[PDB]
>>> print(open('target30.cif').read())   # mmCIF, C-alpha atoms
data_model
loop_
_atom_site.label_atom_id
_atom_site.label_comp_id
_atom_site.auth_asym_id
_atom_site.auth_seq_id
_atom_site.Cartn_x
_atom_site.Cartn_y
_atom_site.Cartn_z
CA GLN B 1 -23.17 1.99 -1.94
CA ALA B 2 -23.33 -0.70 0.75
CA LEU B 3 -21.93 -4.18 -0.03
CA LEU B 4 -19.97 -5.33 3.00
CA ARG B 5 -20.91 -8.82 4.14
CA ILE B 6 -20.14 -9.71 7.74
CA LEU B 7 -19.46 -13.45 7.90
CA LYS B 8 -19.32 -16.14 10.60
CA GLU B 9 -15.70 -16.95 11.25
CA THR B 10 -16.72 -20.60 11.44
CA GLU B 11 -17.60 -20.52 7.74
CA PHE B 12 -13.91 -20.32 6.87
CA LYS B 13 -11.39 -23.13 6.70
CA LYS B 14 -7.76 -22.02 6.84
CA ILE B 15 -5.53 -24.18 4.64
CA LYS B 16 -2.03 -22.82 4.00
CA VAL B 17 -0.08 -19.76 5.15
CA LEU B 18 0.70 -17.25 2.42
CA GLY B 19 2.48 -14.84 4.71
CA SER B 20 2.77 -13.21 8.12
CA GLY B 21 3.75 -9.67 9.04
CA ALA B 22 3.64 -8.26 12.56
CA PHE B 23 0.19 -6.76 11.96
CA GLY B 24 -1.16 -10.24 11.25
CA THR B 25 -0.89 -13.32 9.04
CA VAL B 26 -2.43 -14.14 5.64
CA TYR B 27 -3.96 -17.55 4.92
CA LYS B 28 -4.94 -19.34 1.75
CA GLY B 29 -8.38 -20.31 2.94
CA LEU B 30 -11.76 -21.58 1.85
CA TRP B 31 -15.15 -19.99 2.47
CA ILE B 32 -17.84 -22.60 3.09
CA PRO B 33 -21.21 -20.86 3.43
CA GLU B 34 -23.49 -22.12 6.16
CA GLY B 35 -26.18 -24.50 5.02
CA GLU B 36 -24.32 -24.97 1.75
CA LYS B 37 -21.93 -27.61 0.44
CA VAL B 38 -19.98 -25.52 -2.08
CA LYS B 39 -16.47 -24.42 -1.00
CA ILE B 40 -14.95 -21.25 -2.47
CA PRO B 41 -11.25 -20.25 -2.34
CA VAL B 42 -10.64 -16.95 -0.58
CA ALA B 43 -7.59 -15.36 1.00
CA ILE B 44 -7.90 -14.55 4.67
CA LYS B 45 -6.00 -11.75 6.37
CA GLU B 46 -6.32 -12.21 10.14
CA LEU B 47 -5.13 -9.58 12.62
CA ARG B 48 -2.75 -10.70 15.36
CA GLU B 49 -3.66 -8.48 18.31
CA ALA B 50 -7.21 -8.37 19.64
CA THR B 51 -8.86 -4.99 19.18
CA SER B 52 -10.69 -2.40 21.28
CA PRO B 53 -14.29 -1.62 20.29
CA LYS B 54 -12.88 1.66 19.03
CA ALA B 55 -10.45 -0.20 16.80
CA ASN B 56 -13.22 -2.51 15.72
CA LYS B 57 -15.48 0.41 14.88
CA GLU B 58 -12.87 2.19 12.80
CA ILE B 59 -12.07 -0.96 10.88
CA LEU B 60 -15.74 -1.65 10.34
CA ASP B 61 -16.01 1.97 9.18
CA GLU B 62 -13.10 1.60 6.78
CA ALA B 63 -14.35 -1.77 5.57
CA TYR B 64 -17.68 -0.57 4.27
CA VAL B 65 -15.65 1.58 1.93
CA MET B 66 -13.22 -1.16 0.95
CA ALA B 67 -16.13 -3.42 0.09
CA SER B 68 -17.32 -0.99 -2.57
CA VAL B 69 -14.25 0.10 -4.51
CA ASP B 70 -14.68 0.68 -8.26
CA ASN B 71 -11.05 1.22 -8.91
CA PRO B 72 -9.09 -1.47 -10.82
CA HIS B 73 -6.06 -0.67 -8.71
CA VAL B 74 -7.47 -1.34 -5.25
CA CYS B 75 -8.38 -4.76 -3.79
CA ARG B 76 -12.07 -4.87 -3.00
CA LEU B 77 -12.85 -6.43 0.36
CA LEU B 78 -15.02 -9.53 -0.06
CA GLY B 79 -16.19 -9.84 3.52
CA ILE B 80 -15.16 -9.64 7.14
CA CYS B 81 -15.37 -11.61 10.39
CA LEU B 82 -15.61 -9.43 13.47
CA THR B 83 -16.41 -11.60 16.49
CA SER B 84 -13.33 -11.69 18.73
CA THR B 85 -10.44 -11.46 16.28
CA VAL B 86 -10.97 -9.60 13.00
CA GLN B 87 -10.48 -11.32 9.64
CA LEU B 88 -10.57 -9.55 6.27
CA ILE B 89 -11.82 -11.86 3.52
CA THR B 90 -10.50 -11.09 0.08
CA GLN B 91 -9.79 -12.48 -3.38
CA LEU B 92 -6.85 -14.81 -3.87
CA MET B 93 -3.82 -13.21 -5.58
CA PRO B 94 -1.51 -15.98 -6.90
CA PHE B 95 1.21 -13.80 -8.44
CA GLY B 96 2.15 -12.46 -5.02
CA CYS B 97 2.97 -8.97 -3.83
CA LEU B 98 4.89 -6.46 -5.94
CA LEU B 99 7.86 -6.40 -3.61
CA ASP B 100 8.64 -10.08 -3.84
CA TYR B 101 7.94 -9.77 -7.54
CA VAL B 102 10.57 -7.20 -8.46
CA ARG B 103 13.13 -9.05 -6.36
CA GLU B 104 13.02 -12.15 -8.53
CA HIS B 105 12.31 -10.62 -11.89
CA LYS B 106 14.86 -7.84 -11.49
CA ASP B 107 16.59 -8.97 -14.69
CA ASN B 108 13.41 -8.72 -16.73
CA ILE B 109 11.73 -5.61 -15.37
CA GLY B 110 12.05 -2.70 -17.76
CA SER B 111 11.24 1.00 -17.53
CA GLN B 112 7.73 0.81 -18.98
CA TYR B 113 6.67 -1.56 -16.21
CA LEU B 114 8.28 0.32 -13.35
CA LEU B 115 6.74 3.59 -14.51
CA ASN B 116 3.37 2.06 -15.19
CA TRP B 117 3.23 0.50 -11.73
CA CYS B 118 3.85 3.96 -10.32
CA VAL B 119 0.95 5.38 -12.28
CA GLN B 120 -1.33 2.61 -11.05
CA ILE B 121 -0.42 2.81 -7.39
CA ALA B 122 -1.01 6.55 -7.64
CA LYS B 123 -4.35 6.06 -9.34
CA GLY B 124 -5.35 3.59 -6.64
CA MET B 125 -4.29 5.97 -3.85
CA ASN B 126 -5.97 8.97 -5.42
CA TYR B 127 -9.16 6.93 -5.47
CA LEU B 128 -8.88 6.21 -1.80
CA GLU B 129 -8.31 9.90 -1.17
CA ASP B 130 -11.52 10.74 -2.99
CA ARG B 131 -13.23 8.23 -0.69
CA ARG B 132 -11.78 9.94 2.39
CA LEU B 133 -9.59 6.93 3.24
CA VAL B 134 -6.13 7.39 4.73
CA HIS B 135 -4.30 4.22 3.82
CA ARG B 136 -1.72 4.39 6.62
CA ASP B 137 0.17 1.32 5.41
CA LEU B 138 1.29 1.88 1.85
CA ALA B 139 4.35 -0.21 0.95
CA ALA B 140 5.53 -2.41 -1.89
CA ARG B 141 4.79 -5.47 0.23
CA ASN B 142 1.19 -4.22 0.29
CA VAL B 143 0.90 -3.98 -3.47
CA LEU B 144 -0.35 -7.12 -5.18
CA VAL B 145 0.22 -8.40 -8.68
CA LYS B 146 -2.95 -9.33 -10.52
CA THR B 147 -0.88 -9.64 -13.68
CA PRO B 148 2.54 -8.11 -14.21
CA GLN B 149 0.91 -5.23 -16.09
CA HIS B 150 -1.74 -4.83 -13.40
CA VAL B 151 -1.01 -4.13 -9.74
CA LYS B 152 -3.52 -3.46 -6.95
CA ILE B 153 -3.23 -1.78 -3.55
CA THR B 154 -4.35 -3.86 -0.58
CA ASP B 155 -5.29 -3.13 3.03
CA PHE B 156 -4.58 -5.15 6.17
CA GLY B 157 -6.96 -3.17 8.35
CA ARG B 158 -4.87 -0.16 9.33
CA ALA B 159 -6.64 2.23 6.94
CA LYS B 160 -8.85 4.91 8.51
CA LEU B 161 -11.84 6.94 7.30
CA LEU B 162 -11.79 10.71 7.81
CA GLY B 163 -14.91 12.30 9.20
CA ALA B 164 -16.60 14.78 6.87
CA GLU B 165 -14.85 17.57 8.75
CA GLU B 166 -11.63 15.85 9.83
CA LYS B 167 -8.39 16.33 7.87
CA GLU B 168 -6.13 14.31 10.14
CA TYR B 169 -6.37 11.07 12.06
CA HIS B 170 -4.42 10.97 15.33
CA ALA B 171 -3.47 7.42 16.19
CA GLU B 172 -2.96 5.55 19.44
CA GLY B 173 0.23 3.62 20.16
CA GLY B 174 1.03 0.28 18.58
CA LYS B 175 3.44 -1.45 16.22
CA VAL B 176 4.32 0.76 13.22
CA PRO B 177 6.30 0.54 9.92
CA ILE B 178 8.68 3.38 10.67
CA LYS B 179 10.72 3.39 7.48
CA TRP B 180 7.63 4.20 5.39
CA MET B 181 6.02 6.89 7.53
CA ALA B 182 6.05 10.64 7.18
CA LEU B 183 7.60 12.57 10.03
CA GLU B 184 4.40 13.92 11.58
CA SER B 185 3.48 10.26 11.81
CA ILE B 186 6.58 9.22 13.67
CA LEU B 187 6.49 12.12 16.12
CA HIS B 188 2.84 13.05 16.58
CA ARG B 189 1.17 9.86 15.41
CA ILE B 190 -0.72 12.03 12.95
CA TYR B 191 -1.79 10.77 9.54
CA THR B 192 -2.95 12.75 6.55
CA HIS B 193 -3.45 11.98 2.91
CA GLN B 194 -0.21 13.93 2.57
CA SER B 195 1.55 11.41 4.76
CA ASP B 196 0.37 8.67 2.39
CA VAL B 197 2.30 10.59 -0.22
CA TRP B 198 5.42 10.19 1.91
CA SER B 199 4.79 6.46 1.91
CA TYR B 200 4.07 6.43 -1.79
CA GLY B 201 7.47 8.02 -2.26
CA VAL B 202 9.22 5.25 -0.32
CA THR B 203 7.29 2.57 -2.16
CA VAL B 204 8.49 3.98 -5.46
CA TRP B 205 12.06 4.12 -4.19
CA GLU B 206 11.60 0.46 -3.25
CA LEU B 207 10.62 -0.34 -6.85
CA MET B 208 13.30 1.69 -8.65
CA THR B 209 15.85 -0.08 -6.45
CA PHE B 210 14.22 -3.39 -7.26
CA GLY B 211 13.16 -4.31 -3.77
CA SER B 212 15.85 -2.72 -1.60
CA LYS B 213 15.29 -2.17 2.13
CA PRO B 214 14.77 1.46 3.16
CA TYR B 215 17.57 2.64 5.42
CA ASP B 216 19.05 -0.85 5.55
CA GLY B 217 21.31 -1.12 8.57
CA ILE B 218 19.89 1.88 10.40
CA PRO B 219 17.72 0.94 13.43
CA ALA B 220 14.18 2.36 13.54
CA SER B 221 15.17 4.22 16.71
CA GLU B 222 17.19 6.76 14.72
CA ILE B 223 15.07 7.38 11.63
CA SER B 224 13.13 10.17 13.32
CA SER B 225 16.27 12.20 13.98
CA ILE B 226 18.03 11.32 10.72
CA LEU B 227 15.10 12.80 8.85
CA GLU B 228 15.16 15.91 10.99
CA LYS B 229 18.69 16.51 9.63
CA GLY B 230 17.58 16.39 6.01
CA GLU B 231 18.92 12.99 4.98
CA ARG B 232 16.62 10.87 2.79
CA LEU B 233 16.67 7.66 0.83
CA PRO B 234 19.42 7.93 -1.83
CA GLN B 235 18.83 8.29 -5.57
CA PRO B 236 18.44 4.90 -7.28
CA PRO B 237 20.96 3.98 -10.00
CA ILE B 238 18.45 3.79 -12.86
CA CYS B 239 16.83 7.03 -11.81
CA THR B 240 17.06 10.33 -13.59
CA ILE B 241 17.15 13.61 -11.72
CA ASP B 242 13.54 14.03 -12.91
CA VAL B 243 12.19 10.93 -11.19
CA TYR B 244 14.23 11.27 -8.04
CA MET B 245 13.38 14.92 -7.72
CA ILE B 246 9.77 13.80 -7.45
CA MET B 247 10.45 11.19 -4.77
CA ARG B 248 12.27 13.86 -2.82
CA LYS B 249 9.24 16.20 -3.04
CA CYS B 250 7.37 13.41 -1.28
CA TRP B 251 9.64 13.47 1.71
CA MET B 252 9.35 17.21 2.27
CA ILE B 253 8.98 18.23 5.91
CA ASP B 254 6.11 20.61 5.21
CA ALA B 255 3.40 18.18 4.15
CA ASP B 256 1.69 21.00 2.29
CA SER B 257 4.73 21.05 0.00
CA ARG B 258 4.36 17.43 -1.12
CA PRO B 259 2.66 16.63 -4.43
CA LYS B 260 -1.02 15.65 -4.31
CA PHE B 261 -1.90 12.20 -5.64
CA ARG B 262 -3.57 13.69 -8.70
CA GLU B 263 -0.50 15.82 -9.50
CA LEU B 264 1.42 12.58 -9.21
CA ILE B 265 -0.80 10.65 -11.62
CA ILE B 266 0.00 13.33 -14.19
CA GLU B 267 3.79 13.41 -13.97
CA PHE B 268 4.17 9.65 -13.87
CA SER B 269 1.86 9.25 -16.85
CA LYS B 270 3.73 11.64 -19.10
CA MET B 271 6.80 9.65 -18.10
CA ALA B 272 5.16 6.31 -18.67
CA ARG B 273 4.62 7.44 -22.24
CA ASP B 274 8.37 7.95 -22.84
CA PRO B 275 10.07 5.54 -20.34
CA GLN B 276 13.56 5.47 -21.81
CA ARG B 277 13.89 9.22 -21.23
CA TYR B 278 13.31 8.88 -17.50
CA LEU B 279 14.80 5.59 -16.35
CA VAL B 280 18.18 4.38 -17.53
CA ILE B 281 17.96 0.59 -17.26
CA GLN B 282 20.44 -1.83 -18.80
CA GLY B 283 19.18 -3.89 -21.71
CA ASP B 284 15.86 -2.08 -21.45
CA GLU B 285 14.53 -2.77 -24.94
CA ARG B 286 15.29 -6.48 -24.50
CA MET B 287 12.31 -7.20 -22.21
#
>>> encode(input="target30.cif", output="structure tokens")
Amino acid sequence: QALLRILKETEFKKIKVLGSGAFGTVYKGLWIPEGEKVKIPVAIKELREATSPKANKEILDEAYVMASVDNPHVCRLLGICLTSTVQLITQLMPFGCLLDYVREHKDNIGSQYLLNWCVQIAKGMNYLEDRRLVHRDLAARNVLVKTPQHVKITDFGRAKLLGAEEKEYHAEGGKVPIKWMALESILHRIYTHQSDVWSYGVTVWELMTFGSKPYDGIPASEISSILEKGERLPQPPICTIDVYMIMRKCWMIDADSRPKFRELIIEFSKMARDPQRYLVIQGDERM
């Protein structure tokens, strides 16, 4: 179904800055319709680098899907400004992203929450798969907290829609988040749903470690060759062999030997219904 509204970028007033990556900055803004006097609070993700009419078209393509999501675990796109620079308009999310969240509630996050967040992120991703979207930038900094028991996956415009025949999306050059990408992605600039699984795996590591940096210290220049050896992100302290051994399956070289997002919703659910068996967190019942 078609819901995407394309809006005049002069209908938006930018107010405060909520963030800024390298792919663009996020504003706390204010949509003020034209010919109207009401002013409605939105959040505005604006992309830094201007975009080729191919980039524009692919975004526009991806955005008609994002403007129609049913899933509770994906942020629905509210609107978009295309003009010169592209701006994704989207609902305000006051609790912040999940990464910043775990970093300052580390002492109060228990196993039920961690495991439930994993189930939700997976659910959200599986939905996008069913919609033929390759998310291309899954990370914990791109997961938002609606409420601490309810996280949602969000897009900053780097998602791509697979043709009805396509299985891969080969990407041009640009700035990339290396420490979350599959290998095929770092070498061949190829992206599959299966690569999203790689990223999912890193995101989860991020959470189990309570907001640690992947490969902290190591420069992005090396990652590609470190992987080729067989080294991966280390097992988190709270993790049991059962949880880690899933993460690891996500960082398999042969992307056909990674778990599918639906297989992943199943394992993490059976775990989320007996959390103390799977994560060994200190003072776990006391939260």
>>> closest_atom_pairs(input="target30.cif", of="region 119-154 of chain B", to="region 95-105 of chain B", cutoff="6 Å", atoms="all atoms listed in the file", output="CSV")
residue,atom,partner,partner_atom,distance
B:140,CA,B:99,CA,4.9
B:141,CA,B:99,CA,5.0
B:143,CA,B:98,CA,5.3
B:144,CA,B:97,CA,4.0
B:145,CA,B:95,CA,5.5
>>> residues_around(input="target30.cif", residues="residue 212 (chain B)", least_positions_apart="3", cutoff="10 Å", atoms="all atoms listed in the file", output="ChimeraX atom specification")
/B:99,102-103,205-209,215-216,236
>>> closest_residue(input="target30.cif", among="B:22, B:90, B:131, B:256", to="residue 162 (chain B)", atoms="only C-alpha atoms")
B:131
>>> atom_distance(input="target30.cif", atom1="CA of residue 178 (chain B)", atom2="CA of residue 214 (chain B)")
9.9 Å
>>> closest_residue(input="target30.cif", among="B:285, B:137, B:58, B:130", to="residue 203 (chain B)", atoms="only C-alpha atoms")
B:137
>>> resolve_selection(input="target30.cif", expression="the PyMOL selection byres ((chain B and resi 114) around 9)", output="list in words")
residues 109, 110, 111, 112, 113, 115, 116, 117, 118, 119, 204, 207, 208, 272, 275 and 279 of chain B
>>> atom_distance(input="target30.cif", atom1="CA of residue 94 (chain B)", atom2="CA of residue 154 (chain B)")
14.0 Å
>>> residues_around(input="target30.cif", residues="residue 5 (chain B)", least_positions_apart="2", cutoff="7 Å", atoms="all atoms listed in the file", output="VMD selection string")
chain B and resid 3 7 79 to 80
>>> atom_distance(input="target30.cif", atom1="CA of residue 267 (chain B)", atom2="CA of residue 246 (chain B)")
8.9 Å
>>> resolve_selection(input="target30.cif", expression="the PyMOL selection byres ((chain B and resi 124) around 8)", output="PyMOL selection string")
chain B and resi 71-74+120-123+125-128+152-153
>>> residues_around(input="target30.cif", residues="residue 184 (chain B)", least_positions_apart="4", cutoff="10 Å", atoms="all atoms listed in the file", output="number ranges by chain")
B: 188-192, 195, 224, 253-255
>>> closest_residue(input="target30.cif", among="B:32, B:197, B:281, B:238", to="residue 263 (chain B)", atoms="only C-alpha atoms")
B:197
>>> closest_residue(input="target30.cif", among="B:33, B:148, B:157, B:21", to="residue 57 (chain B)", atoms="all atoms listed in the file")
B:157
